[PDB]
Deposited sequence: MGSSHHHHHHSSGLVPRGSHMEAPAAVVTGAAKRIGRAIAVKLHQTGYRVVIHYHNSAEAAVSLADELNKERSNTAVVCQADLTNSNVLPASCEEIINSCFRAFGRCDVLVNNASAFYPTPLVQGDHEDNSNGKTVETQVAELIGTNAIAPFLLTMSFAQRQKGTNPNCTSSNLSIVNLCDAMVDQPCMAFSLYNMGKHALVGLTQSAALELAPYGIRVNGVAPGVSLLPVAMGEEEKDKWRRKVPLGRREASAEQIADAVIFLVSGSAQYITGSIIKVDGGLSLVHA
């Protein structure tokens, strides 16, 4: 029997690259998505034509609410229903937009930015562990958490909380043989709404090649951490940033 993975926000960009690479390594995959239904089903279709019955999709909003615990439970339940086991969880889904200290209500901004980036990872980790060999969780963090973008306080709060979860969950789930680690991109795939001039500005900041990480490069680090080559690694966060975090103002 092949092992099974849940990947959150897996329809496009980095989450798709992680899902694809896990599938190429021999995992069966749950492609979680929120709004990108067409891209999700398209991806599932490509993977299933490579190996029959190895990919399913699963829709869920990961905004904080009183029903979020049930949604996260159902995500993990979908992996067990499709494949009979759940070996790996990748917490990739993330809301990302500014929240100036000095449109959506603030309560909605808190719910989305802290829900997607921190509370849903926590609830999915709870559900994953309570349902349970090489078991692991990988959280997508941010290499620039201590050198944050101006006006992104709530996003930064969420990613710092995710670092805390990674460490707290590593410590508490170690007795159960569940490893918990992080992968911290610097600049990888730039925002679609970003103009080429702004993208180039960011690219020229990166010491190693003056270019962003490919989605495959991020996925490589995730694959290492779930592999038997990382069997003693837990509570670690691997920066995949081309040196960006090392560059002063």
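Residues of the deposited sequence lacking C-alpha coordinates, counted from 1, fall in the stretches 1-21, 124-132, 163-171.
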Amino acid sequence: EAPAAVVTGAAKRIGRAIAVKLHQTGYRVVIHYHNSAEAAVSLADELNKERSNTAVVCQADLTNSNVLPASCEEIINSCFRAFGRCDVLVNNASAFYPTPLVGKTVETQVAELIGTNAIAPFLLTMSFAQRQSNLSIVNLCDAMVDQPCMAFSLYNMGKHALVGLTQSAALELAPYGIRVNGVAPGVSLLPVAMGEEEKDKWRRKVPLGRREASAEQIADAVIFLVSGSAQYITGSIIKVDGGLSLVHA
From here on, numbers count along this sequence of modelled residues.
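Between two forms, the rigid core is the largest collection of C-alphas that superpose within 1.5 Å.
Here the rigid core sets the fit, and in 8 other deposited structures of this protein the C-alphas of 188-196 stray farther than those of the other stretch, out of 188-196 and 51-59. Mean CA B-factor, 153-161 versus 104-112: the higher value falls on 104-112. Higher average CA B factor: 189-197, of the stretches 189-197 and 65-73. For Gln130, the recorded CA B-factor ranks within the highest third of the chain. Only modelled residues enter the ranking. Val41 sits in the highest third of its chain by CA B factor, as recorded in the PDB entry. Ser214 sits in the middle third of its chain by CA B factor, as recorded in the PDB entry. In the deposited entry, the Cα temperature factor of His32 places it in the lowest third of its chain's modelled residues.
Per the PDB record, residue ranking by Cα B-factor puts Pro98 in the middle third of the chain.
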